[PDB]
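Colleague: One structure, pasted below without further comment.
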Ligand SMILES: OC[C@H]1O[C@@H](O[C@H]2[C@H](O)[C@@H](O)[C@H](O[C@H]3[C@H](O)[C@@H](O)[C@H](O[C@H]4[C@H](O)[C@@H](O)[C@H](O[C@H]5[C@H](O)[C@@H](O)[C@H](O[C@H]6[C@H](O)[C@@H](O)[C@H](O)O[C@@H]6CO)O[C@@H]5CO)O[C@@H]4CO)O[C@@H]3CO)O[C@@H]2CO)[C@H](O)[C@@H](O)[C@@H]1O
Ligand SMILES: OC[C@H]1O[C@@H](O[C@H]2[C@H](O)[C@@H](O)[C@H](O)O[C@@H]2CO)[C@H](O)[C@@H](O)[C@@H]1O
Ligand SMILES: *[C@@H]1O[C@H](CO)[C@@H](O)[C@H](O)[C@H]1NC(C)=O
Ligand SMILES: *[C@@H]1O[C@H](CO)[C@@H](O)[C@H](O)[C@H]1NC(C)=O
Ligand SMILES: [Cl-]
Ligand SMILES: [K+]
Ligand SMILES: [K+]
Ligand SMILES: [K+]
Ligand code: NA
């Protein structure tokens, strides 16, 4: 994708902190993912993409399309409901016909910030108070290229500056641009989302979902892949949520997840609970390595919370067969043994391959979305919906009829998530 000229691209400002075993406030900024943008011909206002289909006059091939179509600048607040205030980022849900957003932290105007998380602690504050059933305010990391692909893929000029280069563990085929090619060939409009479709290519890479949550439930989920960085997959071999068989590909779509409610701890997180989601709170996450160095492999993910200045531990599992309050080799083996299903976490290298994702360096993503595929039931309801009574089926209190996108967009359009005070450093430094 090319760089358009009609609207200047100005990344809203967002500060964040680096901490030492003493913190330094870094100047940062955020960009909007390329899928939300206007895509038009080079030096013309003609759309390359309108509604849920491509303009075959310009985009007669995957390559020509990327050479000949440009992404343009965004009105962050006015069109997408994205604002920043100091160290705080607010993502609105419905803004006209726009639904949510996906944003990336920048190191400069043309590069995503890269985080090296092994043997570090990462902290943020969140307000989920305005996130009802069926929404997901996510803060997580993916193994994207810092420059968004510009150095590797010649047709890609727009790069990180225009939010190009997304990949994740679901191998998304809904992306308009992947690896310097447009996703034109085989494009199939979704029958239910007027803006969206699925192309023949998907963009796979490692994903560390440190935070997927709403006011009801939260989960922490590493997802490894066969290779850490971008791998371009084709059609149904992609696996993930955009394919016939989620387990057909090279990334783990399920992950090794820790949701306190799923693990039997139903009084921990939610309205007026131990972590009271009517108010903001701080989430601290540690990435422990086998040898205690930045170059060891990932042994354990640890977690705690702070609210009203009070430290609140991650609660331990109440499910017979699954112990503790950390994610480690024993926990991941125990989860799949007890809850059952496809061993996709092991098959894609588990924590060793998660570490490879992390060692490559990862981009920070903040998003707010609803889910046409599963209505977010996997996060905050009983799932599968016919598995009531079985261990791990219940993930939160939402009804199994909840989370229908057009429903929640009509009823709860004013929903929003605010992320703030991002901090990273050595353990005990944030
Ligand atoms: O025509 C001339 C005039 O153009 C004006 O500019 C227009 C332009 O013409 C128009 O084409 C453009 O339309 C864009 C809309 O403004 C924008 O809202 C819309 O955004 C969609 C996007 O198309 C779609 O791909 C995206 O899909 C989401 C999906 O909903 C979501 O569920 C999924 O969630 C994932 C999470 O992000 C992730 O964290 C998690 O891990 O996984 C989730 C999935 O499991 O993410 C996908 C995307 O990957 O949804 C958004 C939001 O609804 O995009 C339209 C383009 O396709 O608008 C322009 C501005 O109006 C000029 O302004 C004017 O001057 C010209 O004259
Ligand atoms: O694809 C939807 C959602 O799936 C999540 O994994 C589920 C899996 O779908 C379900 O069959 C199993 O019982 O539970 C896992 C974990 O909740 C996955 O973790 C998400 O990233 C994904 O969005
Ligand atoms: C730049 O675009 C405008 C709008 O299409 C057009 O008037 C002008 O001729 C363009 N430049 C060219 C063709 O070099
Ligand atoms: C249970 O529901 C899932 C999801 O629709 C489906 O795959 C399965 O066939 C259903 N029936 C039974 C008995 O599991
Ligand atoms: Cl869980
Ligand atoms: K601002
Ligand atoms: K994802
Ligand atoms: K309910
Ligand atoms: Na299975």
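Colleague: Among the residues that make up the stretch 118-129, is at least one of them within 16 Å of ligand 7 (Cβ to nearest atom) and either closer than 22 Å to residue 417 by Cα or out of contact with any helix residue (DSSP H, G or I) (no Cβ under 7 Å at 6 or more places or on another chain) (or both)?
Modeller: Looking through the stretch 118-129, none of the residues is within 16 Å of ligand 7 (Cβ to nearest atom) and either closer than 22 Å to residue 417 by Cα or out of contact with any helix residue (DSSP H, G or I) (no Cβ under 7 Å at 6 or more places or on another chain) (or both).
Colleague: Give the residues of the stretch 345-371 that are within 14 Å of ligand 7 (Cβ to nearest atom) and either touching a helix residue (DSSP H, G or I) at 6+ places or on another chain (Cβ under 8 Å) or over 26 Å from residue 119 (Cβ atoms) (or both), sorted by residue number.
Modeller: 367, 368, 369, 370, 371
Colleague: Please return the ranges of strands (runs of 3 or more DSSP E) entirely within the stretch 141-243 where 3 or more residues are within 30 Å of residue 278 (Cβ to Cβ). Break it down stepwise before answering.
Modeller: Working: elements: 201-204, 207-213, 218-223, 231-234.
The qualifying strands (runs of 3 or more DSSP E) are 207-213, 218-223.
Colleague: So which residues in the stretch 379-413 are more than 16 Å from ligand 5 (Cβ to nearest atom), part of a loop (DSSP other than H, G, I, E, B) and in contact with a strand residue (DSSP E or B) (Cβ under 7 Å, 6 or more places away or on another chain)?
Modeller: 388, 400, 413
Colleague: Checking residue 316 against (1) closer than 26 Å to residue 246 by Cβ; (2) more than 16 Å from ligand 1 (Cβ to nearest atom); (3) surrounded by fewer than 18 Cβ atoms within 10 Å (Cβ to Cβ): exactly one of these is not met. Which one?
Modeller: (1)
Colleague: Turning to a different aspect of this structure: Please find, within the stretch 326-349, the residue that is nearest to ligand 2 (Cβ to nearest atom) out of those that are part of a loop (DSSP other than H, G, I, E, B) and more than 20 Å from residue 303 (Cβ to Cβ).
Modeller: The residue in question is 341.
Colleague: Please determine, by comparing only the residues of the stretch 360-378 that are assigned to a loop (DSSP other than H, G, I, E, B) and within 14 Å of ligand 8 (Cβ to nearest atom), which one is nearest to residue 321 (Cα to Cα).
Modeller: Restricting to residues being assigned to a loop (DSSP other than H, G, I, E, B) and within 14 Å of ligand 8 (Cβ to nearest atom), the top hit is 376.
Colleague: Restricting the first residue to the stretch 368-380 and requiring it to be at negative phi, which pairs with a second residue that is within 16 Å of ligand 9 (Cβ to nearest atom) meet a Cβ separation below 7 Å and a spacing of at least six or different chains?
Modeller: 373/241; 377/383
Colleague: Among (1) under 30 Å from residue 105 (Cα atoms); (2) over 22 Å from the mean Cα position of the chain (by Cα); (3) not in a loop (DSSP other than H, G, I, E, B), where does residue 429 come up short?
Modeller: (3)
Colleague: Let me confirm something: among 21, 17, which residue is outside any strand (DSSP E or B) and either touching a helix residue (DSSP H, G or I) at 6+ places or on another chain (Cβ under 6 Å) or away from ligand 7 (no atom under 16 Å from the Cβ) (or both)?
Modeller: Working: 17 fails: outside any strand (DSSP E or B).
None of the others qualify; the one that does is 21.
Every number here is computed from the coordinates shown, using simple stated rules; none is lab data. Don't worry about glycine lacking a Cβ; one is built from the backbone with ideal geometry, like all the others, and counts go over all protein chains shown.
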